[PDB]
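Report on the structure given below.
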Amino acid sequence: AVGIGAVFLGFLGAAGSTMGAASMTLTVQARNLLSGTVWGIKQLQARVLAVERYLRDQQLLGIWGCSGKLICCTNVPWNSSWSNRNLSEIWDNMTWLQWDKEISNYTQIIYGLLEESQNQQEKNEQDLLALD
Amino acid sequence: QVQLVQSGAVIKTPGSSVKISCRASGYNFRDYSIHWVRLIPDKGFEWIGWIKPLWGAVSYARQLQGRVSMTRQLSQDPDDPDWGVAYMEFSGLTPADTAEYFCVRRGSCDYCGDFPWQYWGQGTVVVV
Amino acid sequence: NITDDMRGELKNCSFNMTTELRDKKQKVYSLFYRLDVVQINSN
Amino acid sequence: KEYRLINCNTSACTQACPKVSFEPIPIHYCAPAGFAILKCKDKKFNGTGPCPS
Amino acid sequence: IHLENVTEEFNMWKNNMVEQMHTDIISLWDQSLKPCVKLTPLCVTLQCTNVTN
Amino acid sequence: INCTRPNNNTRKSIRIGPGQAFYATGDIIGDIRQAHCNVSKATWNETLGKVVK
Ligand SMILES: *[C@@H]1O[C@H](CO)[C@@H](O[C@@H]2O[C@H](CO)[C@@H](O[C@@H]3O[C@H](CO[C@H]4O[C@H](CO)[C@@H](O)[C@H](O[C@H]5O[C@H](CO)[C@@H](O)[C@H](O)[C@@H]5O)[C@@H]4O)[C@@H](O)[C@H](O[C@H]4O[C@H](CO)[C@@H](O)[C@H](O)[C@@H]4O[C@H]4O[C@H](CO)[C@@H](O)[C@H](O)[C@@H]4O[C@H]4O[C@H](CO)[C@@H](O)[C@H](O)[C@@H]4O)[C@@H]3O)[C@H](O)[C@H]2NC(C)=O)[C@H](O)[C@H]1NC(C)=O
Ligand SMILES: *[C@@H]1O[C@H](CO)[C@@H](O[C@@H]2O[C@H](CO)[C@@H](O[C@@H]3O[C@H](CO[C@H]4O[C@H](CO)[C@@H](O)[C@H](O)[C@@H]4O)[C@@H](O)[C@H](O[C@H]4O[C@H](CO)[C@@H](O)[C@H](O)[C@@H]4O)[C@@H]3O)[C@H](O)[C@H]2NC(C)=O)[C@H](O)[C@H]1NC(C)=O
Ligand SMILES: *[C@@H]1O[C@H](CO)[C@@H](O[C@@H]2O[C@H](CO)[C@@H](O[C@@H]3O[C@H](CO)[C@@H](O)[C@H](O[C@H]4O[C@H](CO)[C@@H](O)[C@H](O)[C@@H]4O)[C@@H]3O)[C@H](O)[C@H]2NC(C)=O)[C@H](O)[C@H]1NC(C)=O
Ligand SMILES: *[C@@H]1O[C@H](CO)[C@@H](O[C@@H]2O[C@H](CO)[C@@H](O[C@@H]3O[C@H](CO[C@H]4O[C@H](CO)[C@@H](O)[C@H](O)[C@@H]4O)[C@@H](O)[C@H](O)[C@@H]3O)[C@H](O)[C@H]2NC(C)=O)[C@H](O)[C@H]1NC(C)=O
Ligand SMILES: *[C@@H]1O[C@H](CO)[C@@H](O[C@@H]2O[C@H](CO)[C@@H](O[C@@H]3O[C@H](CO)[C@@H](O)[C@H](O)[C@@H]3O)[C@H](O)[C@H]2NC(C)=O)[C@H](O)[C@H]1NC(C)=O
Ligand SMILES: *[C@@H]1O[C@H](CO)[C@@H](O[C@@H]2O[C@H](CO)[C@@H](O)[C@H](O)[C@H]2NC(C)=O)[C@H](O)[C@H]1NC(C)=O
Ligand SMILES: *[C@@H]1O[C@H](CO)[C@@H](O[C@@H]2O[C@H](CO)[C@@H](O)[C@H](O)[C@H]2NC(C)=O)[C@H](O)[C@H]1NC(C)=O
Ligand SMILES: *[C@@H]1O[C@H](CO)[C@@H](O)[C@H](O)[C@H]1NC(C)=O
């Protein structure tokens with residue numbers, strides 16, 4: 001009576017789905033990530049841990065190309081030695097949980113490449129608006 | 001629960017003074033006012049007074065002043081703060097005062113007034 | 001060994017003290033320094 | 001034949017307040033923002049290893 | 001809400017939140033004894049005898 | 001600097017109440033002596049020469 005698509009649209013409802021189908025609903029996981037005599041200190045430090053981690057994530061977005069786009073095209077090529085898989089096999093085969101273990105080893109290279117790309121883009125835009 | 005337990009029915013003489021107790025239990029007794037109301041045959045209800053048990057500030061019916069008196073007794077222990085006793089010394093007894101007396105408490109809702117008397121004692125019949 | 005000119009840095013003080021039981025008490029002694037005790041005022 | 005309580009030689013004792021009770025009231029443990037609680041809906045599950053549901 | 005096609009290994013023995021609940025109920029058991037009466041004045045000589053029986 | 005106390009103290013637990021222990025001084029075992037500190041004469045006169053300089 002509730003329907004399968006209704007609990008599909010819940011929190012973490014697409015964790016077993018394909019990542020192409022899981023891409024349709026990312027705002028749900030992004031929304032239940034911020035809001036939700038001695039014990040007030042414990043709940044208070046839990047709340048500030050939540051907002052501080054959300055700010056760390058929004059800053060790591062903000063130092064890249066996108067501030068609030070939630071889907072971010074960018075300009076570093078995928079080094080195919082990182083995963084060596086076809087496109088249509090990963091967007092229709094695996095989940096996100098299965099993909100993260102495949103790319104957990106090759107990470108913090110990608111983040112530095114994104115920061116280098118954004119620094120290069122900002123200085124190129126500075127030069128372009130400088131000569132104009 | 002909210003319980004109001006009065007005393008038994010009593011027979012008095014004209015010119016005497018009756019004391020009627022009203023033990024209240026099941027709520028914080030210092031918060032809610034206690035009203036007293038009477039029921040006379042062929043006369044209906046009539047209000048007597050109220051008492052606020054926090055300090056004991058009372059207010060009497062205008063046509064019963066000089067005769068009625070209301071006191072209370074609070075519970076001073078950190079184990080049973082719930083119970084309390086109200087009293088009513090009704091004096092200057094006449095044969096017309098043969099009636100059934102009730103001690104009442106209002107409700108606990110937000111839109112409850114003071115006079116929507118929710119909880120009622122079982123009544124005490126006074127025959128003069 | 002005691003000399004009148006010299007002053008000892010320790011005193012041997014006995015006193016009543018309460019116990020686990022509120023009815024009973026005990027005579028017990030300790031050693032204190034000169035600087036922790038003062039004289040209240042033979043004995 | 002004179003007695004004393006057993007705990008006198010080790011610890012001063014505290015009476016429970018008769019106003020407060022000891023009966024169980026059910027706690028629901030809740031995850032804060034940024035976490036989640038998973039529940040094994042499986043039937044035959046010894047608490048170690050994979051839970052399929 | 002149900003979650004499909006998923007295999008999370010569980011472990012009740014190295015589980016957390018049973019450690020912190022065992023901490024929390026002890027600490028809260030202590031926090032419900034601070035307003036109560038200490039039996040310091042009751043450690044005293046008792047003169048006991050058999051009950052009438 | 002080498003500082004010492006040549007006395008050999010024995011402590012003595014004195015119960016005050018339930019769960020209350022007062023740690024007194026029992027007997028002195030050995031010679032009653034006076035505590036002191038030692039520095040070297042040469043290094044101290046050298047460092048005083050440095051601080052005058
Ligand atoms: C730890 O806690 C302990 C528990 O309390 C504590 O021990 C008690 O300490 C007090 C004071 O130090 C003791 O009181 C003294 O007791 C002496 C012992 O006498 C007892 O034993 C005798 C048997 O040997 C009994 O016969 C005797 O009873 C007789 O005497 C009573 C005296 O009032 C009388 O009421 C009875 O009816 C009976 O007739 C008693 O039970 C006792 O001797 C002493 O009195 C004088 O004697 C000493 C010489 O022996 C003097 O040095 C001492 O100073 C007392 O002099 C008094 O009298 C002089 C002459 O009149 C005065 O000039 C003095 O000022 C002084 O007067 C004071 O005392 C009077 C009572 O005596 C009083 O009436 C005055 O107003 C004035 O205040 C004294 O009574 C007690 O016995 C101890 N109890 C125990 C169980 O040991 C201990 O001190 C604490 N500390 C330590 C480190 O342990
Ligand atoms: C644990 O142990 C304690 C020990 O102290 C018990 O406490 C005593 O218990 C006894 C017996 O249960 C009590 O004695 C009874 O007291 C009654 C009330 O006392 C009044 O009357 C007497 C006159 O007898 C006055 O002296 C007193 O001041 C009071 O004004 C009496 O009515 C009883 O008398 C009846 O029994 C005797 C038996 O010999 C008959 O001869 C009499 O005719 C009469 O029928 C009796 O004397 C005593 O009072 C208790 N003391 C206290 C301080 O309470 C506990 O009861 C016990 N508990 C348990 C569970 O075992
Ligand atoms: C665990 O459960 C998930 C949830 O069901 C399950 O994922 C599903 O897999 C099937 C295939 O195995 C998916 O079906 C395909 O999905 C792709 C996604 O783009 C579609 O393009 C496909 O459409 C083609 O087929 C149609 C007819 O079948 C044609 O008409 C059409 O033109 C296309 O050619 C097809 O629908 C299904 O979408 C997913 N569902 C989700 C939510 O991901 C997964 O396989 C299960 N895994 C295990 C191990 O059990
Ligand atoms: C605080 O005081 C309490 C009350 O005294 C103490 O509780 C009891 O302490 C005794 C020790 O003194 C424990 O053991 C008892 O000991 C006597 C004598 O011991 C001899 O016999 C036993 C028999 O096995 C033997 O093992 C010994 O080596 C001795 O040879 C026995 O007669 C008793 O039956 C009993 O064994 C008590 O068990 C203990 N009571 C309880 C309820 O446990 C307490 O220890 C004190 N605590 C502190 C910190 O001081
Ligand atoms: C994409 O994958 C290729 C895999 O062939 C990467 O090429 C290799 O990159 C590593 C470092 O990432 C090079 O190692 C280097 O070796 C020199 C030798 O002196 C050393 O000094 C460096 O510190 C470093 O360890 C390796 O040589 C290189 N392979 C070849 C054949 O040159 C490539 O870097 C990947 N691209 C990105 C953007 O990560
Ligand atoms: C016991 O100690 C007392 C004091 O605690 C001594 O009395 C005096 O002690 C000081 C120095 O401690 C001396 O200067 C005084 O001369 C002492 N008084 C007298 C009258 O000599 C006392 O000497 C010590 N010894 C004895 C045996 O009582
Ligand atoms: C302070 O004490 C230390 C001991 O811990 C002394 O150091 C030793 O002194 C002896 C002389 O008797 C030497 O033989 C050792 O080689 C020293 N050991 C070390 C590790 O230095 C030190 O001399 C004392 N200081 C003074 C000023 O007396
Ligand atoms: C990731 O790299 C480590 C070596 O740094 C290797 O041990 C591990 O197997 C790699 N993971 C995958 C999934 O290949």
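Chain labels follow the order of the structure tokens: the first chain is A, the next B, and so on; residue numbering restarts at 1 in every chain, and ligands are counted from 1 in their shown order.
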**Message:** Based on only C-alpha atoms, which of the residues in chain E come within 10 Å of chain F? I want them as a PyMOL selection string.
**Reply:** chain E and resi 39-41+43
Counting only C-alpha atoms, what are the residues of chain B within 8 Å of chain D, and for each of them which pair of atoms is the nearest and at what distance in Å, to one decimal? Sort the table by chain and rising number, as a Markdown table.
```
| residue | atom | partner | partner_atom | distance |
| --- | --- | --- | --- | --- |
| B:78 | CA | D:19 | CA | 7.7 |
| B:79 | CA | D:19 | CA | 4.9 |
| B:80 | CA | D:19 | CA | 7.0 |
```
**Message:** At a cut-off of 6 Å around ligand 4, and using only C-alpha atoms and all ligand atoms, what residues come up? Please write them as a list in words.
**Reply:**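 If we count only C-alpha atoms and all ligand atoms, the neighbours of ligand 4 turn out to be residues 6, 9 and 10 of chain D.
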Residue selection dump (N, CA, C and O atoms) as a PDB file, in the first residue's frame:
```pdb
ATOM      1  N   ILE D   6      26.440  -3.914  57.278  1.00  0.00           N
ATOM      2  CA  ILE D   6      27.628  -4.478  56.646  1.00  0.00           C
ATOM      3  C   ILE D   6      28.449  -3.400  55.951  1.00  0.00           C
ATOM      4  O   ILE D   6      29.685  -3.407  56.014  1.00  0.00           O
ATOM      5  N   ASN D   9      31.771  -0.248  57.235  1.00  0.00           N
ATOM      6  CA  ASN D   9      33.223  -0.205  57.197  1.00  0.00           C
ATOM      7  C   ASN D   9      33.818   0.119  55.830  1.00  0.00           C
ATOM      8  O   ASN D   9      35.029   0.156  55.696  1.00  0.00           O
ATOM      9  N   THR D  10      32.996   0.316  54.808  1.00  0.00           N
ATOM     10  CA  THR D  10      33.540   0.586  53.491  1.00  0.00           C
ATOM     11  C   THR D  10      32.924   1.783  52.784  1.00  0.00           C
ATOM     12  O   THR D  10      33.628   2.441  52.018  1.00  0.00           O
TER      13      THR D  10
END
```
**Item:** Of the listed residues C:41, C:26, C:1, C:18, that which approaches chain F most closely, counting only C-alpha atoms
**Value:** C:18
**Request:** May I have the residues within 12 Å of ligand 2, computed using only C-alpha atoms and all ligand atoms, as an MDAnalysis selection string?
**Result:** chainID E and resid 47:53
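Around residue F:37, within 9 Å and counting only C-alpha atoms, the residues found are residues 1, 2, 3, 4 and 5 of chain F, once anything fewer than 3 positions away on its own chain is removed.
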For the residues in that selection, give me N, CA and C atoms as an mmCIF file, in the first residue's frame.
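Heads up, here's the output in again_19.cif:
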```
data_model
loop_
_atom_site.group_PDB
_atom_site.id
_atom_site.type_symbol
_atom_site.label_atom_id
_atom_site.label_comp_id
_atom_site.auth_asym_id
_atom_site.auth_seq_id
_atom_site.Cartn_x
_atom_site.Cartn_y
_atom_site.Cartn_z
ATOM 1 N N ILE F 1 70.242 20.288 41.339
ATOM 2 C CA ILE F 1 69.947 20.370 42.761
ATOM 3 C C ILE F 1 69.428 19.016 43.229
ATOM 4 N N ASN F 2 69.921 18.572 44.380
ATOM 5 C CA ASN F 2 69.524 17.304 44.969
ATOM 6 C C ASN F 2 68.882 17.588 46.309
ATOM 7 N N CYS F 3 67.587 17.336 46.407
ATOM 8 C CA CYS F 3 66.842 17.574 47.625
ATOM 9 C C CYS F 3 66.332 16.250 48.157
ATOM 10 N N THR F 4 66.341 16.112 49.478
ATOM 11 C CA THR F 4 65.968 14.844 50.068
ATOM 12 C C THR F 4 65.327 15.058 51.424
ATOM 13 N N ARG F 5 64.674 14.004 51.897
ATOM 14 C CA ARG F 5 64.137 13.938 53.251
ATOM 15 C C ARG F 5 64.626 12.640 53.862
#
```
